[PDB]
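Structure first, commentary second.
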Amino acid sequence: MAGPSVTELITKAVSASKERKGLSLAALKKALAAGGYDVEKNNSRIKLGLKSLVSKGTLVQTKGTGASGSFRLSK
């Protein structure tokens, strides 16, 4: 646990993703803009709880350019 909200939300979908290791900040960060949030009117929490989820190391994507960089969650 890191934050008191988005992490609980994003980090919650961390394993409840709806695709195959390929969110694109449009899947995980898009599960928080469902009811009372849009990763837009509050984008400063999705690209912060995700920029922090994927980056921190939870959702360790794999920055390899569109081709080999998604998020397999932890290592």
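Quick note on naming: the chains in the structure tokens go A, B, ... in the order shown, residues restart at 1 in each chain, and ligands are numbered from 1 in order of appearance.
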
Worksheet item: Near residue A:42, within 12 Å and counting only C-alpha atoms, which residues show up once chain neighbours fewer than 3 positions away are dropped, as number ranges by chain?
Response: A: 6, 29-30, 32-33, 36-39, 45-49

Worksheet entry | DSSP alpha helix (DSSP H) residues within chain A, listed as a VMD selection string | chain A and resid 6 12 to 16 43 to 49 53 to 56

Written file, previous selection with C-alpha atoms, as a compact mmCIF listing (two decimals), in the first residue's frame:
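Okay, this is what ended up in out.txt:
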# COMPACT_ATOMS: atom_id res chain seq x y z
CA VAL A 6 -5.81 5.67 -6.22
CA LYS A 12 -6.64 -2.88 -6.75
CA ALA A 13 -7.14 -3.52 -10.48
CA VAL A 14 -3.40 -4.31 -10.43
CA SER A 15 -4.53 -7.96 -10.57
CA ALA A 16 -8.13 -7.41 -11.76
CA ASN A 43 -5.86 12.81 -13.88
CA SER A 44 -3.33 14.06 -11.31
CA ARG A 45 -4.13 10.92 -9.27
CA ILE A 46 -4.27 8.26 -11.98
CA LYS A 47 -0.98 9.28 -13.62
CA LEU A 48 0.32 9.60 -10.05
CA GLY A 49 -1.02 6.36 -8.54
CA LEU A 53 2.04 1.96 -9.52
CA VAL A 54 3.65 0.84 -12.77
CA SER A 55 6.85 2.81 -11.99
CA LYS A 56 7.18 2.22 -8.20

Fill in: Coordinates-based distance that separates atom CA of residue A:74 from atom CA of residue A:57 (Å, one decimal)
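These atoms are spaced 6.4 Å apart.
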
Worksheet entry | Between atom CA of residue A:65 and atom CA of residue A:2, distance in Å (one decimal) | 27.1 Å

Worksheet entry | Closest of A:11, A:17, A:22, A:3 to residue A:63 - atom-to-atom distances counting only C-alpha atoms | A:22

Fill in: For atom CA of residue A:10 and atom CA of residue A:27, the interatomic separation in Å (one decimal)
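It comes out at 9.4 Å.
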
Discussion item. At a cut-off of 10 Å, using only C-alpha atoms, what residues contact residue A:75? Leave out same-chain residues fewer than 4 positions from it and give the result as a PyMOL selection string.
Written reply: chain A and resi 57-61+71
